[PDB]
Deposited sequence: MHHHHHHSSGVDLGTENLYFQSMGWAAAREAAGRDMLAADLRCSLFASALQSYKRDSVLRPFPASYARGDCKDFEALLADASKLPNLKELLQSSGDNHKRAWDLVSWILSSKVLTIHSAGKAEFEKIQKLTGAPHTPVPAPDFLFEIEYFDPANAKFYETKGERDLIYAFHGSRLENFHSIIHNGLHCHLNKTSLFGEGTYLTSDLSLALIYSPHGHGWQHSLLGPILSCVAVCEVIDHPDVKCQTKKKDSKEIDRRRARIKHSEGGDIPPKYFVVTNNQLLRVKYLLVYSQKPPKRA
C-alpha cells in the first residue's frame, strides 16, 4: 500500500472522498457481517487465514478525524496512518468528490423520477485505472452505456466498490439470476437504509448510499427508464457513482 507521505498527499487532494472510504471501511468493520463484508481485509491484521477483528476494531477506534490526522505529525498516530494509508490505496480505482453538474448529468442519463426523491448530500465518482478501465471499454466496443441504480446496506459498499457487485448465479434460489438494478432511484432507495458510518466523519456518522452503475447495452442484460432489470455477466457493468445521504 501507499506510504504515509503519499497517503497524506492523496487525502489532502480530496478530503471528502478519503473520508467516505474511511466511513465505508468503518461501516463494514462494525457490522456483525464483518467476516464477509470487510473484503478486502488489511493483511497486517491477519495471521494467515486467521483475521484478528478484535485488534482491527480496537485500532480503527483510535483513528482521529482526517483534519486532525493531517494537522498533526506522522509518528503521533502510527497505527492510524498505517490503516488510513491501506484504506486509500488501490491500483484498480480511485474515488472523487463530485458536484451538482455531475448530479444533473446522472438525472438526465437515468430520466426524471416518476416519484418524489431526496437530493443526495454528497456525490462521488469512481475512476478506474488500467487494466480494469481498458478491459471495460474493450467489452463495450461500440455498444451504448445504460445508467441504473442499485441500493444496498451501507456495510456492503466497501466490498461493492473494491470487488464489484456480485453476479452470483444461484439456480437453487428465488433471487439468483444475477445483479438486480433499477432505472428508478425511488425503488433503489428503499434498499439503502441508513447505517452506521464513522463517528469522526466529515459526512456525518449515519449514512445511506446508492450505487449508480454504468451498464453495457448487451443481450445478457435482461430488462432512459426500463423499471428494474438483471445483469448475468459481471463484465457488463461497473459502479460509476455513489449517492450519499447523511441523516440530520
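No C-alpha positions are given for the deposited-sequence stretches 1-21, 245-268, 294-298.
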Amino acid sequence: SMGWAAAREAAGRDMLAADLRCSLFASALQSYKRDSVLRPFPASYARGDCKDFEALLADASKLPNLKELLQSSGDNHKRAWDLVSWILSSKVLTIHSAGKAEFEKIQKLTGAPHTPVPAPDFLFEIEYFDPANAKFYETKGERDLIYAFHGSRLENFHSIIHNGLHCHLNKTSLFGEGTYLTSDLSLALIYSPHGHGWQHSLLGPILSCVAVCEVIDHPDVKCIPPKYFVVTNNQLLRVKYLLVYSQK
From here on, numbers count along this sequence of modelled residues.
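Compared against other deposited entries of this protein, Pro193 counts as consistently modelled, with coordinates in all of those that resolve the residues around it and thus below the third mark.
Compared with other deposited structures of the same protein, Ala60 does not meet the criterion of being unmodelled in at least one third, since all of those that resolve residues on both sides include it. Of the two stretches examined, 87-95 and 163-171, the record assigns the greater average C-alpha temperature factor to 163-171.
Legend: mean Cα B-factor per stretch from the PDB entry, 35-43 versus 198-206; the higher mean is in 198-206. Ranking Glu155, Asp82, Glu127, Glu104 by Cα temperature factor from the entry places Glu104 first. Sort the chain's modelled residues by C-alpha temperature factor and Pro120 lands in the middle third, per the entry. Per-chain ranking of the deposited C-alpha B factor places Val230 in the highest third.
Among all modelled residues in this chain, the alpha-carbon of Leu237 has a temperature factor (C-alpha) in the middle third. When the CA B factors of the chain's modelled residues are split into thirds, the value for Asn65 lands in the middle one. The entry lists a Cα temperature factor for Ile224 that places it in the highest third of the chain's modelled residues.
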